[PDB]
Amino acid sequence: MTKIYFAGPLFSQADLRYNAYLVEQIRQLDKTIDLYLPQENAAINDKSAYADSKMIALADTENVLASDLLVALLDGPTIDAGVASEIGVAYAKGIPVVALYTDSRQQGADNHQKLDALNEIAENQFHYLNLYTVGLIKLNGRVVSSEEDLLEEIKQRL
Amino acid sequence: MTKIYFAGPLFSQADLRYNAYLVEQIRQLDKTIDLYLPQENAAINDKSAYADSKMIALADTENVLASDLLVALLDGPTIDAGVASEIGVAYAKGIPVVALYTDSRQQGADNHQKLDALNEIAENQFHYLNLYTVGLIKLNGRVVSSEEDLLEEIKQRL
Amino acid sequence: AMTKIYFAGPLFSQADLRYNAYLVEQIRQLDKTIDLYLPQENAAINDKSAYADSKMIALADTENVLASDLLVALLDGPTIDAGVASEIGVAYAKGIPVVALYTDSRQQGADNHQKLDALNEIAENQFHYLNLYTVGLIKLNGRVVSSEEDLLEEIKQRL
Amino acid sequence: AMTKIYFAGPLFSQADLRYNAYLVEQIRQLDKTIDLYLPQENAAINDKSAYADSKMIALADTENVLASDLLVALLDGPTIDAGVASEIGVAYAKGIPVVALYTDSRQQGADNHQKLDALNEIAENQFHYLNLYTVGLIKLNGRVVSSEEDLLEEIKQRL
């Protein structure tokens, strides 16, 4: 069996719903996939339950280091800081990362007016990802821009 | 009829899907609701189509100023800068704003350990929204934390 | 006639606090008729008894924005500061011009053809991104500059 | 024995460039045995012919991270810089300690009972937020400080 850690923000309803939607597609791909989704394991917010950052980081890292493959969602105004740190841990431990990046503002490389606009001040139409975090992914993994490509890449790594 | 402008990030698949999911619930609320969703009106990314920031801001503002009510999604690591600007325009023009904020890290006010942890350095478990943007909303509108409360608030403003 | 300037920008980290003070000093040295309001100079000292909720936070800041003749906005950061973005929207709707500063070094490279060709690859964009709705509101009645020299020069022309 | 320090932090705006240089000067003045690497001092001059994609960007920076004995990280900003967060994850997994600086003025007010009671209201949190996974990795082998004085004091103790 292949153990997958699904890295991604899990705090808003938009992200919670999208994670569950993607994960079910990944789990229906192959019965040997053992995917760990953090939102499925978080304790319901109770007034007596508490864990500090050290406990949080230690428990989260244990799930990362136990996986064979990390699936990371990079979308947002910036890459989620927790996801970025998890990618750094995975790279240093040799765990491959397949990342999904669907931002519609990444398209336009064939649009010569978008390219020319870069000569103007504050006219860039291409969304930006921190290239250090991206480079760590590509040094052992891949960044895909569609759910179709993500499922195929996970399938080819089984 | 009541015209609504749905403000929110519309670039990732997670946000695109969540916007369409929420908007259909808002439209099924009342037949007099005329909701404008920007993603339903964006041109398909074609290599010849281009508009600079001034054209983008002018067309977007025209849709904001034509609405009777603004629905704003505040979730994310930060409030979307475009949404924040749209809220500033709406407040200065007297257009009310009903905002949705579902981040699960906002809960814990009854957790005394989370409160005590604030005496430590870098142990805050409560997600942060820029309070200037939030204040503009509350000066003429409301911030709700659930889709159920959002639909009821929109219903009560018809 | 005095020119009242509102200095919009994040003011929470030491890096931003020091940079705001370093820029405001240069702006005030341009002309004696400049009456610049800097929010960090008016913030109340942190006290366990004092409290102001979001409504009176936004109202107090908006009062200073609306009383200004020109708004200087700092756009740098991983994203445009949400408060600054909202203040820009207020300024545009009220007709108050905005001169914005954007020094991010990742905005350069329009002449580099390899940077342009890299956009055909997934996740290889080297150009920092600003939300173009916020930028457009500035340019519709103002200007975005990329250096402190051009910022001071633009402020002088608007006196 | 020399102590090699990697200075992690955003280095793209003038505010961050000036603050990094202002802090690094103080750090180097602590002890002659400090060999601090500052990425902005090694960046190539912007040239339309030079290009490095994300893989060689990450590799070049990781080489400097892994060659260090201590990592100093700046966490301020609306969010922790994504590159800094990744570098912290690399440092933790390799066992390189991290001393982080976090000066955001919105972290104060734990004694204010009205700030604490305001958390029962929707969208009234006055306390700035840092991703606690990134913070936890630091404290598991290092420390987070809230002032430049405590940063220099902590660096001296680790020499």
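Residues numbered from 1 in each chain as written, not as in the entry; some residues may be left out. Chains lettered and ligands numbered in written order. Heavy atoms only, no water.

- As deposited, the entry is annotated with X-ray crystallography as its determination method and 2.15 Å as its resolution.

- As annotated in the PDB entry, chain C is Nucleoside 2-deoxyribosyltransferase from Enterococcus faecalis.

- Naming follows the PDB entry, where chain A appears as Nucleoside 2-deoxyribosyltransferase of Enterococcus faecalis.

### Re the relation of the copies chain A and chain B
Then, in step 1: When chain A is fitted onto chain B, the two copies agree to an RMSD of 0.0 Å after a turn of 180 degrees and an axial shift of 0.0 Å. Both copies of the chain, as the preceding transformation shows, are related through a two-fold rotation axis. The C-alpha atom lying nearest the rotation axis in chain A is that of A14(A); the distance is 3.0 Å. (Least-squares fit on C-alpha atoms.)

### Let's talk about the interface of chain A and chain B
Then, in step 1: Taken together, the contacts link 38 residues of chain A with 38 residues of chain B.
Then, in step 2: Of the roughly 2900 Å² buried where chain A meets chain B, counting both sides, 48% is carbon and sulfur surface.
Then, in step 3: Scanning the region where chain A abuts chain B turns up 18 residue pairs in polar contact.
Then, in step 4: In terms of residues, the side of chain A that touches chain B owes the most to one element, helix α1 (residues 13-27) of chain A, which gives six residues.
Then, in step 5: Tallied by class, residues from the side of chain A that touches chain B come to twelve nonpolar, 14 polar and twelve charged. (Contact = heavy atoms within 4.5 Å. Buried area = accessible area lost by both parts, 1.4 Å probe. Polar contact = N/O pair within 3.5 Å; in protein donor to acceptor, adjacent residues only side chain to side chain. Helix = DSSP H or I, 4+ residues; strand = E, 2+ residues; numbered from the N terminus. Nonpolar A, V, L, I, M, F, W, Y, C, P; charged D, E, K, R; others polar.)

### Examining the interface of chain A and chain D
Then, in step 1: Every contact between the two is made by 29 residues of chain A and, on the other side, 29 residues of chain D.
Then, in step 2: Between chain A and chain D, a total of about 2500 Å² is buried, with carbon and sulfur atoms accounting for 69% of that surface.
Then, in step 3: It is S53(A), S85(A) and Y132(A) in chain A that bury the most area against chain D; as a group they hold 23% of the surface buried on that side.
Then, in step 4: Between the two partners, chain A and chain D, sit zero salt bridges.
Then, in step 5: Put simply, chain A and chain D have ten residue pairs in polar contact between them.
Then, in step 6: Considering every element that reaches the side of chain A that touches chain D, the biggest residue donor is helix α3 (residues 81-92) of chain A, with nine residues.
Then, in step 7: Residues that form the side of chain A that touches chain D fall into these classes: 14 nonpolar, nine polar and six charged. (Salt bridge = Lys/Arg side-chain N within 4 Å of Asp/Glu carboxyl O.)

### So, the sheet that holds strand β1 (residues 2-7) of chain B
Residues and elements named next belong to chain B.
Then, in step 1: Taking strand neighbours across the sheet as the criterion, the five strands line up as β2-β1-β3-β4-β5 in an open arrangement whose pairing is parallel. Of all strands in the sheet, those bounded by a partner on one side alone are β2 (33-36) and β5 (141-144). Strand-to-strand, the axes of this sheet are offset by a mean angle of 20 degrees, without reference to chain direction.
Then, in step 2: In the sheet, strand β4 (residues 97-100) pairs with β5 via four bridges, with the strands oriented parallel. Its bridge partner being in β5, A99 is matched across the sheet by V143. (Pairing = 2+ DSSP bridges. Axes fitted to C-alpha atoms, helices over the stretch in contact; angles between N-to-C directions.)

### Remarks on the sheet that holds strand β3 (residues 69-73) of chain A
Residues and elements named next belong to chain A.
Then, in step 1: As summarised here, the arrangement of the five strands in space is β2-β1-β3-β4-β5, forming an open sheet in which the pairing is parallel. Looking at which strands have only one partner, the edges of the open sheet turn out to be β2 (33-36) and β5 (141-144). Adjacent strand axes in the sheet meet at a mean angle of 20 degrees, parallel and antiparallel pairs treated alike.
Then, in step 2: Summarising the sheet, strand β1 (residues 2-7) and β3 pair through four bridges and their orientation is parallel. Looking at the pairing, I4 lines up with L69 of β3.
Then, in step 3: Where helix α6 (residues 147-156) meets the sheet, its contacts fall on β1, β2, β3, β4 (97-100) and β5, and the angle it forms with β4 comes to roughly 170 degrees.

### Examining the environment of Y101(B)
All names here are of chain B.
Then, in step 1: Positionally, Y101 belongs in the loop between β4 and α4 (112-117).
Then, in step 2: Residue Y101 is classed as buried on the basis of its relative accessible area of 2%.
Then, in step 3: The residues contacting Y101, other than those within four sequence positions of it, are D75, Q106, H127, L129, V143, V144 and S145. (Buried < 20%, exposed > 50% of the residue type's maximum accessible area, 1.4 Å probe, protein only.)

### Looking at helix α2 (residues 53-65) of chain A
Then, in step 1: Compared with an ideal rise of 1.5 Å per residue, which puts 13 residues at 18 Å, α2(A) spans 18 Å between its outermost C-alpha atoms and is within 8% of the ideal.
Then, in step 2: Taken together, the buried positions of α2(A) are occupied by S53(A), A57(A), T61(A) and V64(A). Considered in projection along α2(A), the buried side chains sweep an arc of 55 degrees and stay on one side of the axis. Summarising the geometry of α2(A), the exposed residues directed more than 90 degrees from the buried face are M55(A) and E62(A).
Then, in step 3: On the buried face of α2(A), the contacting elements are β1, β3 and α3 of chain A together with α3 (82-94) and α5 (132-139) of chain D. (Expected span 1.5 Å × (residues − 1). Arc of directions from axis to C-beta.)

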